[PDB]
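One structure is given below, encoded as structure tokens.
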Protein chains: 2
Amino acid sequence: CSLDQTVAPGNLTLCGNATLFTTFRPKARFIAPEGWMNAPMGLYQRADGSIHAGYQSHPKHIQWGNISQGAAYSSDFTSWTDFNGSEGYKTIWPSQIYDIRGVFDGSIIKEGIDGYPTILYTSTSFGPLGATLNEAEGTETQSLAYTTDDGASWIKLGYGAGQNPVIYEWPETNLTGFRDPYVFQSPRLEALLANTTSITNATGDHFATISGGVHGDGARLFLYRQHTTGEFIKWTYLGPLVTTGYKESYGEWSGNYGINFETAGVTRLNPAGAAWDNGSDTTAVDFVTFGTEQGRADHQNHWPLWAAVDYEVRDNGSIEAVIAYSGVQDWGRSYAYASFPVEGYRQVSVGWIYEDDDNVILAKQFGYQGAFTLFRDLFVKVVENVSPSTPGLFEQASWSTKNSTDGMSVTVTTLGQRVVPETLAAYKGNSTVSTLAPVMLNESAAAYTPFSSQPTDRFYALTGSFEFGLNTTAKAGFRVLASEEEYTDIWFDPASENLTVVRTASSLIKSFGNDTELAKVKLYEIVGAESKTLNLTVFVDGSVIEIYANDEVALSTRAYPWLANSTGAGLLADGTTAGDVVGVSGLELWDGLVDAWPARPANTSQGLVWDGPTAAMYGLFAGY
Amino acid sequence: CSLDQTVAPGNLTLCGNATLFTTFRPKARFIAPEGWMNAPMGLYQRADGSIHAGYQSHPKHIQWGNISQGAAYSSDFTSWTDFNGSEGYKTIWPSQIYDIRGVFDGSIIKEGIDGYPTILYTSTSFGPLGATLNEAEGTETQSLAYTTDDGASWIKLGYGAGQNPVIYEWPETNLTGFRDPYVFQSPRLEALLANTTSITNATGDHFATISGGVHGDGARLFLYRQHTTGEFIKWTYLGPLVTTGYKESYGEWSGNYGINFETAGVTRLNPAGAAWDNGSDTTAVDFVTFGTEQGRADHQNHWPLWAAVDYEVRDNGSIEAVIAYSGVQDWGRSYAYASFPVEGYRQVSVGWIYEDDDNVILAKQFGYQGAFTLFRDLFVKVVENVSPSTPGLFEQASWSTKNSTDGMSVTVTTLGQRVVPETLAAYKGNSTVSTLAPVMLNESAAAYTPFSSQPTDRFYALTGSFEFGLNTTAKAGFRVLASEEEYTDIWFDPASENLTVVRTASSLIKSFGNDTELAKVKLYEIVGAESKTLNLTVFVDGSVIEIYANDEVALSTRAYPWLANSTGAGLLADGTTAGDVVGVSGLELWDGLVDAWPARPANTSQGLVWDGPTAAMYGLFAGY
Ligand SMILES: *[C@@H]1O[C@H](CO)[C@@H](O[C@@H]2O[C@H](CO)[C@@H](O[C@@H]3O[C@H](CO[C@H]4O[C@H](CO[C@H]5O[C@H](CO)[C@@H](O)[C@H](O)[C@@H]5O[C@H]5O[C@H](CO)[C@@H](O)[C@H](O)[C@@H]5O)[C@@H](O)[C@H](O[C@H]5O[C@H](CO)[C@@H](O)[C@H](O)[C@@H]5O)[C@@H]4O)[C@@H](O)[C@H](O[C@H]4O[C@H](CO)[C@@H](O)[C@H](O)[C@@H]4O[C@H]4O[C@H](CO)[C@@H](O)[C@H](O)[C@@H]4O[C@H]4O[C@H](CO)[C@@H](O)[C@H](O)[C@@H]4O)[C@@H]3O)[C@H](O)[C@H]2NC(C)=O)[C@H](O)[C@H]1NC(C)=O
Ligand SMILES: *[C@@H]1O[C@H](CO)[C@@H](O[C@@H]2O[C@H](CO)[C@@H](O[C@@H]3O[C@H](CO[C@H]4O[C@H](CO[C@H]5O[C@H](CO)[C@@H](O)[C@H](O)[C@@H]5O[C@H]5O[C@H](CO)[C@@H](O)[C@H](O)[C@@H]5O)[C@@H](O)[C@H](O[C@H]5O[C@H](CO)[C@@H](O)[C@H](O)[C@@H]5O)[C@@H]4O)[C@@H](O)[C@H](O[C@H]4O[C@H](CO)[C@@H](O)[C@H](O)[C@@H]4O[C@H]4O[C@H](CO)[C@@H](O)[C@H](O)[C@@H]4O[C@H]4O[C@H](CO)[C@@H](O)[C@H](O)[C@@H]4O)[C@@H]3O)[C@H](O)[C@H]2NC(C)=O)[C@H](O)[C@H]1NC(C)=O
Ligand SMILES: *[C@@H]1O[C@H](CO)[C@@H](O[C@@H]2O[C@H](CO)[C@@H](O[C@@H]3O[C@H](CO[C@H]4O[C@H](CO)[C@@H](O)[C@H](O[C@H]5O[C@H](CO)[C@@H](O)[C@H](O)[C@@H]5O)[C@@H]4O)[C@@H](O)[C@H](O[C@H]4O[C@H](CO)[C@@H](O)[C@H](O)[C@@H]4O[C@@H]4O[C@H](CO)[C@@H](O)[C@H](O)[C@@H]4O)[C@@H]3O)[C@H](O)[C@H]2NC(C)=O)[C@H](O)[C@H]1NC(C)=O
Ligand SMILES: *[C@@H]1O[C@H](CO)[C@@H](O[C@@H]2O[C@H](CO)[C@@H](O[C@@H]3O[C@H](CO[C@H]4O[C@H](CO)[C@@H](O)[C@H](O[C@H]5O[C@H](CO)[C@@H](O)[C@H](O)[C@@H]5O)[C@@H]4O)[C@@H](O)[C@H](O[C@H]4O[C@H](CO)[C@@H](O)[C@H](O)[C@@H]4O[C@@H]4O[C@H](CO)[C@@H](O)[C@H](O)[C@@H]4O)[C@@H]3O)[C@H](O)[C@H]2NC(C)=O)[C@H](O)[C@H]1NC(C)=O
Ligand SMILES: *[C@@H]1O[C@H](CO)[C@@H](O)[C@H](O)[C@H]1NC(C)=O
Ligand SMILES: *[C@@H]1O[C@H](CO)[C@@H](O)[C@H](O)[C@H]1NC(C)=O
Ligand SMILES: *[C@@H]1O[C@H](CO)[C@@H](O)[C@H](O)[C@H]1NC(C)=O
Ligand SMILES: *[C@@H]1O[C@H](CO)[C@@H](O)[C@H](O)[C@H]1NC(C)=O
Ligand SMILES: *[C@@H]1O[C@H](CO)[C@@H](O)[C@H](O)[C@H]1NC(C)=O
Ligand SMILES: *[C@@H]1O[C@H](CO)[C@@H](O)[C@H](O)[C@H]1NC(C)=O
Ligand SMILES: *[C@@H]1O[C@H](CO)[C@@H](O)[C@H](O)[C@H]1NC(C)=O
Ligand SMILES: *[C@@H]1O[C@H](CO)[C@@H](O)[C@H](O)[C@H]1NC(C)=O
Ligand SMILES: *[C@@H]1O[C@H](CO)[C@@H](O)[C@H](O)[C@H]1NC(C)=O
Ligand SMILES: *[C@@H]1O[C@H](CO)[C@@H](O)[C@H](O)[C@H]1NC(C)=O
Ligand SMILES: *[C@@H]1O[C@H](CO)[C@@H](O)[C@H](O)[C@H]1NC(C)=O
Ligand SMILES: *[C@@H]1O[C@H](CO)[C@@H](O)[C@H](O)[C@H]1NC(C)=O
Ligand SMILES: *[C@@H]1O[C@H](CO)[C@@H](O)[C@H](O)[C@H]1NC(C)=O
Ligand SMILES: *[C@@H]1O[C@H](CO)[C@@H](O)[C@H](O)[C@H]1NC(C)=O
Ligand SMILES: *[C@@H]1O[C@H](CO)[C@@H](O)[C@H](O)[C@H]1NC(C)=O
Ligand SMILES: OC[C@H]1O[C@](O)(CO)[C@@H](O)[C@@H]1O
Ligand SMILES: OC[C@H]1O[C@](O)(CO)[C@@H](O)[C@@H]1O
């Protein structure tokens, strides 16, 4: 095992555990100290204003198992501190018959048991568990725990009748899944149900969704309501909130609804952020965010989706969320998005970016797997004065259109996502910032043009505004993590409406994924404009490449170049001519970003362990 | 629910939980504070000389489940003190994937991990578990924990490779069971194996048996040897120590070997007690004690047995224990005998006495189930100068015979059991003792003759020596827990060699068991004697009736008379005549015994709880 990054990579599978720990590792984002992580969980803003973030965690392993809540906190979403207790950075772990198979995703009741922050989580026990298996009632249940020390530790309710687990009966037969309770308050849903509470007797101020589906018949999001205000044991099933078909797709802009939902949440937004009105705010829109499984040929069979919904009240005192339009939260290697309320009328969303080593070839050598996305403010994106000749505009696929009275312009509404401003400000202020001169891409443009200032390592951000002709067939974008021999190309092709990440040359190491990422991006053309513009922001953080377009489209992916000098960046141009020109402006490079875990040393590995021969006997966890 | 014990019992199933807590409850013996108990476990004499006793425990329930180690200590086997920690009187409980289904029986390595007392116990996980089910490897494994505070708490080794569980591979396929590790030192077995240690490389000073069997092919006791002295992770399977046939019986004196062993142990004894020689003591005998299941039509399908064995060394460096003779440790409602070494060359044995309410009709009303037997010194019982005309003597069923050189007398050898002297001394000294005049039972004897002094409650002991003619057909014994309407009759019938406990009138409450208990007792006739003698000792302790004959035969049973005055006792006589006379002498009543738990109040119930609907979903525990 040579770690010489000035020459071609050897056989890196001969390298020891965690010998590649720092080589590809993000430094500017949320990530576990070591080992396996997946979904964000237990997210809440604490009483002191700081953010608590939990995550599915398996320390000292590089595959999933004994799944626990790891946790940390931050005052600005950006610089984090690990909790440290008797179980290291874990704060909830399998410990009881009802959750011994895994402490799965959960969400926070801010004023819960005895007034304390309280988590409702999926407690798993033995038996087949999965949407493609024959799962039985009891394998996935929902349980409570509360914290008296602001998330340093959690106390579970006792096991038994009238205690944990608090939700165990399947609301319908033959479920594909029954997990990921999302607890939320909703003046909107309270107002809608107020005339029917005699039918169900459920009058509490908290709702909870549980994610699942029905074998052979598509995904389901089940709605529960807290039976009585101030009491947290009894939750009453109202009915299915979202019902989709077996591998149903709303189309090219909307992924696929698969066979089962995971990590679903419910929110209400307006142009400024979170909306807490009862329906009276005409600018507010109800949204569901949700993962789906088995509706995708790649990306671990997982789509992270969202839908705008219109609520209807059923005669039995339940709610049907009718999908109005449907989109994708991130088009790349991310999943398990969670959202949570933040002071100042905000709803903040964060997901999990998995590695691109699906055959587990170099995972042990890493000594870790996974990171978070950046934290994102959700809001209703409104585009005014949109031209009716915008191609495909009235398909209204992942957006809505409202015509002006005279029919000559359109207002477009969709889900907006932008990186939280605290992170952008901290990144910029800690970086060496190069404001770059605008670049006109025409007949003289090379395929690749390095920026006039270059990054110094694998931790940087780029921004640019690409102005295209309305009938362009030119392509342009950014190349990142680039040397002569390794590079990753981010292209936008307005003619096809496709944003791609080409990774055929991303790394000399051949075991990592190299498939082309793809997102659809609608450039809403503005009335009177003779051009259309793509604002593209790119974060490069170790191996993470996280792309944002127009405060709307997100695409997270991975690149693992071996060579030490595969850190360069610049502009890409294809088919730019004297006549078909691409004007690039607002160009800026931020080199360095922020050290997100300042108390951690560079190498936080504690080694890796094997569960031994019993792992295969129990059949629950891979064991490593 | 009336608790009026001066009139006939009502419908006691209407009574609330623990309303009958004190009514039938033993006071003079080891018993949990409340709830369910079964097998003794984790028995050892601590460094300060006191006795640690563990037991299988399920607090606040009256059926088995979440099985844990409850514990207490005593300086004299007789007066006990509960441990009190974060889990009450529990000291080990299900907490890890490998033992979440139950912390089953285990035994003590006195100088174990880091020099501390260490328990090797059966750690159970999910899956079918039982001799009549299709159990799979991994469901029962063996794990270690150690104590740094003399049994107040135990620290388990970590889960994983080279740690817990330490024994997990089945030594043969298709096991009926794989549990109850019994760890012991044996100069005898070390000497026998010393010439073969190159074959196995196992050279440690601790052995361990594991109890089980093979489907369709009878019970097995598997022998392991610690691989290396001072190291406790690696245990090497040598081979089967005891192999018996599917429902094989050695005969009328020996119960039945069933299909699977439980709670088996290995010891070596001589006439004084425990023997720790290498084979050089010609008075010493090797013994195995073991429970069997599914070889009995009643008594919960459980025989608590013992066998004298002769060890042979196999060519592969293992030991075959060849059964020389085979007996019964207790003939009544007891099981799960454990034995442990005690200072002064002693081996002390104690078992579990179950209730006689197999349909669980009044268990909730009790608020508890189960007690221990008394603690018993084991030794080799030797009877000298036995007459060769003793009927059935040369069948040598649960004893051995050695003829004198001249053939006119026999030395009989068998397993001896007697109540530990500390308990007899404490009982006697705390009781009101009545030494009774001898009673000749002849033609004038009534069926029942009350003693001249009577007990004052349900806590007393009786002794008597019954001298019978060599050709008697008379029966005699003791009646206990007696009023006019309720009584329990203990008869010996020398002609049939049967000791019986007739319980047809034991209680007016009809839901308790009323079947006749039966033990075989051999009166070894002495050369020159014109009579044969039965020394009978009886302990009455709440509902327990525990009978000892001749420091050899034990029979534990239950009687639950309702009436407050069903406490009397006296002599029984049947077929005594002028010619066929029974001389009773050495008669003594001890009224009161000892308060075995002086710190406990009379009612230590904490109420009972239900596990809720998930108990049936998990399918592991009854739930109550
Ligand atoms: C199989 O068997 C298993 C083992 O028995 C069993 O698991 C156990 O289940 C029981 C029953 O559910 C659990 O007991 C509960 O414990 C809760 C506290 O849990 C936390 O703290 C304990 C104890 O912590 C001490 O000890 C540890 C270990 O040494 C130390 O680390 C601590 O620092 C602390 O040490 C101090 O105290 C010790 C004595 O206790 C001293 O010895 C020591 O010197 C120190 O001074 C921990 O062990 C727990 O850890 C475990 O669990 C966590 C998850 O929670 C895991 O992460 C971890 O790994 C461990 O597994 C944990 O940290 C109690 O709060 C709870 O008590 C209440 O509930 C019951 C039932 O409702 C009531 O009877 C009782 O009154 C309590 O309720 C009152 O209080 C709460 C909160 O204040 C109120 O909300 C409630 O309304 C009520 O209020 C009442 O009083 C008020 C007056 O003040 C009044 O206003 C109200 O009106 C009202 O009247 C309960 O005791 C036990 O934790 C489990 N143990 C383990 C190891 O798992 C398992 O379930 C079984 N399985 C099956 C299938 O049956
Ligand atoms: C799923 O996830 C689960 C959760 O992660 C996981 O379970 C956990 O597994 C880990 C790994 O096996 C366990 O970690 C071990 O813990 C042992 C100690 O366990 C006891 O103590 C802990 C901690 O106690 C503190 O905290 C509690 C809770 O708050 C308090 O109640 C205590 O009072 C105490 O509090 C103080 O300390 C805190 C900080 O720790 C402070 O915050 C606090 O303020 C106080 O000051 C308890 O939690 C345990 O309780 C649990 O387990 C018991 C059963 O054991 C249950 O009954 C109970 O309900 C709980 O479930 C328990 O009481 C450690 O000893 C052990 O440490 C060693 O082993 C590793 C690996 O070999 C070594 O790396 C390490 O060095 C240690 O070994 C050394 O020391 C031992 C003994 O001294 C030596 O024998 C050994 O040779 C070695 O010596 C070395 O150093 C010497 C120098 O001194 C030198 O001479 C030698 O040569 C050598 O170099 C390990 O940390 C953890 O307990 C589990 N937790 C739970 C909750 O279950 C589970 O397995 C996962 N499942 C799967 C399937 O993966
Ligand atoms: C005295 O001690 C007990 C603990 O032993 C304690 O708790 C009670 O425990 C008993 C069991 O001993 C429980 O009985 C079961 O109840 C089930 C139905 O329960 C529902 O209705 C009840 C009556 O209105 C409610 O009280 C229950 O509420 C509690 O539980 C819910 C969770 O569901 C919780 O949200 C609440 O807060 C409460 O805690 C609940 O709504 C029965 O289904 C169950 O069924 C059987 O048992 C009977 C007796 O054997 C049979 O007659 C039935 O046919 C059936 O059993 C069958 O046979 C076997 C059973 O193993 C099986 O093979 C068959 O399929 C079939 O099941 C049972 O009756 C009782 O619910 C529970 N009460 C509680 C928790 O309040 C007491 O509280 C304690 N008393 C005091 C004063 O402290
Ligand atoms: C680096 O980090 C690892 C943790 O990841 C850590 O521990 C090692 O972990 C690996 C797994 O990553 C273990 O590999 C397995 O080993 C099994 C055989 O193990 C036996 O032989 C070893 C070699 O001599 C010994 O080291 C082992 O001793 C340990 O464990 C025993 C308990 O058994 C214990 O008493 C000792 O004290 C030691 O702790 C042991 O005697 C293999 O069976 C297992 O099998 C597969 O994996 C391969 C790679 O994928 C495949 O090539 C095989 O075909 C096979 O996998 C197949 O595919 C899948 C697997 O999921 C399945 O469907 C098929 O049926 C089939 O199984 C595997 O190779 C390794 O044993 C373990 N080492 C330990 C604990 O020492 C390292 O220690 C750490 N390094 C450092 C320096 O810290
Ligand atoms: C980068 O490193 C490679 C290999 O060490 C070398 O070919 C070249 O000089 C360096 N710069 C490039 C390719 O831009
Ligand atoms: C990181 O630390 C681990 C654990 O000490 C060690 O095994 C590994 O070699 C280290 N890796 C590097 C690259 O420093
Ligand atoms: C309410 O009605 C809907 C639509 O028929 C149904 O799916 C749901 O199960 C009902 N809710 C109940 C039975 O609680
Ligand atoms: C919703 O709120 C508006 C004003 O904020 C109020 O007029 C209306 O009555 C509310 N709707 C309900 C609660 O029915
Ligand atoms: C919206 O505007 C377009 C273009 O003017 C027109 O084709 C369409 O019919 C309009 N829709 C409505 C509902 O008026
Ligand atoms: C650098 O980052 C830290 C941590 O996020 C932040 O608090 C600080 O404001 C940043 N420095 C600047 C903007 O100069
Ligand atoms: C074509 O592009 C080059 C490089 O940006 C620029 O110098 C030149 O002025 C452009 N041509 C025109 C006609 O703008
Ligand atoms: C653009 O993307 C779609 C998938 O949404 C694909 O079918 C089409 O071939 C792509 N076209 C080009 C030119 O990249
Ligand atoms: C015992 O009590 C019963 C019922 O109260 C009564 O018949 C009798 O007087 C008492 N004594 C007996 C039967 O020896
Ligand atoms: C014993 O105590 C328990 C728990 O407090 C109580 O429910 C029960 O009625 C008591 N029984 C008696 C006979 O005192
Ligand atoms: C040793 O031999 C006996 C008798 O054949 C056998 O039962 C046992 O399994 C053997 N021990 C092994 C294979 O370790
Ligand atoms: C057993 O012990 C005796 C004396 O106690 C000794 O003579 C003999 O050599 C020992 N047997 C062994 C260890 O082979
Ligand atoms: C009474 O019993 C206690 C506890 O076993 C014992 O220590 C004491 O010696 C006994 N009293 C006597 C023999 O007088
Ligand atoms: C017969 O028994 C009675 C009662 O023990 C006794 O008084 C009498 O002396 C006995 N008869 C003979 C002949 O011993
Ligand atoms: C004595 O016991 C045996 C069982 O061991 C039984 O078969 C026999 O019938 C009994 N005989 C009498 C007279 O009780
Ligand atoms: O780690 C388990 C968790 O991960 C998910 O499967 C999402 O990928 C959740 O549905 C579940 O709670
Ligand atoms: O409680 C479980 C324990 O009880 C037994 O079955 C004996 O009756 C043991 O074999 C086991 O360890």
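What is reported rests on the model, the rules as stated and the sources as named; these are not laboratory values. Using ideal geometry, Cβ is built from the backbone for each residue, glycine included, and neighbour counts are taken over all protein chains shown.
Miscellaneous remarks
- Residue satisfying all of: in segment A:193-229; surrounded by fewer than 17 Cβ atoms within 10 Å (Cβ to Cβ) and in a helix (DSSP H, G or I); nearest to ligand 1 (Cβ to nearest atom) among these: A:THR197
- A:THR78 out of contact with any strand residue (DSSP E or B) (no Cβ under 6 Å at 6 or more places or on another chain) and away from ligand 15 (no atom under 16 Å from the Cβ): yes
- Looking only at segment B:155-192, residues that are over 30 Å from B:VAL342 (Cβ atoms), part of a loop (DSSP other than H, G, I, E, B) and among the β-branched types (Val, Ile, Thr) come to 1 in all.
- Verdict on A:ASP76 being part of a loop (DSSP other than H, G, I, E, B) and more than 19 Å from the chain's Cα centre (by Cα): no
- Tally of residues being within 16 Å of ligand 3 (Cβ to nearest atom) and surrounded by fewer than 19 Cβ atoms within 10 Å (Cβ to Cβ) across segment B:20-35: 1
- Among the residues of segment A:90-105, not a single one is under 21 Å from the mean Cα position of the chain (by Cα), in the same structural domain as A:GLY344 (by CATH) and in a loop (DSSP other than H, G, I, E, B).
- Residues satisfying the stated conditions in segment A:89-101, i.e. touching a residue at least 40 places away in the same chain (Cβ under 8 Å) and of a type outside the set (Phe, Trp, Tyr): A:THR91, A:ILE92, A:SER95, A:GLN96, A:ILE97, A:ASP99, A:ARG101
- Among residues of segment B:275-300 being farther than 22 Å from B:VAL242 by Cα, out of contact with any strand residue (DSSP E or B) (no Cβ under 6 Å at 6 or more places or on another chain) and in contact (Cβ under 8 Å) with a residue 12 or more places away in the chain, the one that is surrounded by the most Cβ atoms within 10 Å (Cβ to Cβ) is B:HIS299.
- Matching residues in segment B:135-160 - criterion: being among the polar types (S, T, N, Q), more than 12 Å from chain A (Cβ to nearest Cβ) and under 28 Å from the mean Cα position of the chain (by Cα): B:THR147, B:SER153
- Put simply, of B:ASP611, B:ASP591 the only residue that is out of contact with any helix residue (DSSP H, G or I) (no Cβ under 8 Å at 6 or more places or on another chain) and either within 19 Å of B:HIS61 (Cα to Cα) or in the same structural domain as B:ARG25 (by CATH) (or both) is B:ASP611.
- Candidate set: segment A:489-507, residues that are surrounded by 22 or more Cβ atoms within 10 Å (Cβ to Cβ) and of a type in the set (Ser, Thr, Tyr); chosen: the one farthest from A:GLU252 (Cα to Cα): A:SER507
- Going through (1) within 14 Å of another protein chain (Cβ to nearest Cβ); (2) within 20 Å of the chain's Cα centre (by Cα); (3) surrounded by fewer than 21 Cβ atoms within 10 Å (Cβ to Cβ) one by one, B:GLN45 falls short only on (1).
- Candidates A:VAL527, A:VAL544, filtered to the one that is in contact (Cβ under 8 Å) with a residue 60 or more places away in the chain and buried (at least 23 other Cβ atoms within 10 Å of the Cβ): A:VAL544
- Residues in segment B:342-373 that are surrounded by fewer than 20 Cβ atoms within 10 Å (Cβ to Cβ) and within 30 Å of B:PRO421 (Cα to Cα): B:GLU343, B:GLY344, B:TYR345, B:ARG346.
To keep it simple, each residue is scored yes or no on (1) surrounded by fewer than 18 Cβ atoms within 10 Å (Cβ to Cβ); (2) among the polar types (S, T, N, Q); (3) free of Cβ contacts under 8 Å to residues at least 60 places away in the same chain.
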| position | (1), (2), (3) |
| --- | --- |
| A:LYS402 | yes, no, yes |
| A:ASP406 | yes, no, yes |
| A:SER409 | yes, yes, no |
| A:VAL412 | no, no, no |
| A:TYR427 | no, no, no |
| A:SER431 | no, yes, no |
| A:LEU436 | no, no, no |
| A:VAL439 | no, no, no |
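- Enumeration of residues in segment A:165-175 that are more than 9 Å from chain B (Cβ to nearest Cβ) and surrounded by 12 or more Cβ atoms within 10 Å (Cβ to Cβ): A:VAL166, A:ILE167, A:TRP170, A:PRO171, A:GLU172, A:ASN174, A:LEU175
- Segment A:266-311, residues that are more than 19 Å from A:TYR250 (Cβ to Cβ) and assigned to a strand (DSSP E or B): A:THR267, A:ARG268, A:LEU269, A:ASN270, A:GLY273, A:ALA274
- Where B:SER507 falls short, out of the listed (1) small (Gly, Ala, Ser); (2) more than 16 Å from B:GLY542 (Cα to Cα); (3) in contact (Cβ under 8 Å) with a residue 40 or more places away in the chain: (2)
- The set of residues from segment B:482-518 being part of a strand (DSSP E or B) and more than 26 Å from B:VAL328 (Cα to Cα) comprises just one member, B:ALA482.
- You will find that of A:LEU571, A:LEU534, the residue that is surrounded by 24 or more Cβ atoms within 10 Å (Cβ to Cβ) and in contact (Cβ under 8 Å) with a residue 60 or more places away in the chain is A:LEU571 and no other.
- The single residue among B:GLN365, B:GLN396 that is in contact (Cβ under 8 Å) with a residue 40 or more places away in the chain and at positive phi turns out to be B:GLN396.
- Of all residues in segment B:579-624, those that are touching a residue at least 24 places away in the same chain (Cβ under 8 Å), assigned to a loop (DSSP other than H, G, I, E, B), under 29 Å from the mean Cα position of the chain (by Cα) and away from chain A (no Cβ under 14 Å) total 13.
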